[PDB]
Amino acid sequence: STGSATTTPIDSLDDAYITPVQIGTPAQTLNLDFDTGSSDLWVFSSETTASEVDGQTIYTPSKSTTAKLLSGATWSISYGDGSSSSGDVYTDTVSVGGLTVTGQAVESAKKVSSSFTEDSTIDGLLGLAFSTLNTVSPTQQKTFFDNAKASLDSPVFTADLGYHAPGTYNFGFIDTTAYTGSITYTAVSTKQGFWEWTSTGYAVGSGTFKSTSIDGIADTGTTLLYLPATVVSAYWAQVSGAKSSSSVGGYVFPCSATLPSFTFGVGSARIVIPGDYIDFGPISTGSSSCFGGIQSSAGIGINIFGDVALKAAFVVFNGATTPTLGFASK
């Protein structure tokens, strides 16, 4: 089997991407944030504290003839940005782009943090990291991909995120028309539960490539590109007037600037992030100070190849017995 679904930016900045997902019988369609950096499929629901729901579409398990309470199971997750959610668990039928999993754990939120409430466009998350990170207790549950894998034509999914435009998540096949040149595959460590890999270096604009190992995670659920302070300083030094602002929470730059590109290495291959992908717009409405899309990972504890990086590539998440990651230009 295969599946193919369009993923759409939630706003004009590509802050996140939402993908429609069918849950239950009859189908209830929710727009979920596909997150290769976590491993829980959780939704706003009829059980979510009413004051914490503000415009989201909810899953109502009592209206699904295939929903079953997973007795005694609870979940609770905290994300790198400080947001969180928790609740109980149903199993139900879940379909993405024509690919159906029966008995998928659907984690129903009883509580969500303010950041989730305040984002009306995201109805929940669909985790695509390794199932070892799943938070369901006392019996850990599998991700949608893990459940689907054996049925797929090939045990892979691909992320093809758009810049200020829709893109695609495919399951079970590589669309050879969706990228240019070849896909370069690189080793993955699953030791921390992430799609963790080592970039071979970087360049800023038309500058020379610096060969250096950068361990990080491919994370569709993180907006920005978080890299070591040395790398980030080298980037922003090429933008007149750019500075790190403790008050704002990272590098800002004059909105009048033209940003240089940023290249990262995948083996001997190179992925070029155009400068415009690194512009996240005014820090507040009407400001001439703009927020940068490349930020320091210092004090995160890990480097993160988030959407800024991934959307410059066609990315293969190869879930073969020994997982790997593939990147192609597009």
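Just so it is clear, chain A uses Swiss-Prot numbers, and the residues here are 90-419, in order.
Quick check of the header: X-ray crystallography, 1.3 Å.
Positions of Cβ are set from backbone N, Cα and C atoms, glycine also.
Annotated features, as they stand in Swiss-Prot:
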- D124: active site (ACT_SITE)
- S288: active site (ACT_SITE)
- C344-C379: disulfide bond (DISULFID)
- 106-417: domain 'Peptidase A1' (DOMAIN)
If one measures from the C-alpha of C344 (disulfide bond) to the C-alpha of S288 (active site), what distance in angstrom results, rounded to a whole number?
-> 30
For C379 (disulfide bond), list the number of other Cβ atoms lying within 10 Å of its Cβ atom.
-> 22
Using DSSP, would you call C379 (disulfide bond) helix, strand or coil?
-> strand
Long-range Cβ environment of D124 (active site), under 8 Å and at least 6 residues apart | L214, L215, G216, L217, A218, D308, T309, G310
Nonlocal residues around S288 (active site), in sequence order (Cβ under 8 Å, 6 or more apart) = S302, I303, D304, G305, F353, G354, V355, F394
Report, as a single number, how many Cβ atoms besides its own are within 10 Å of the Cβ of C344 (disulfide bond).
-> 15
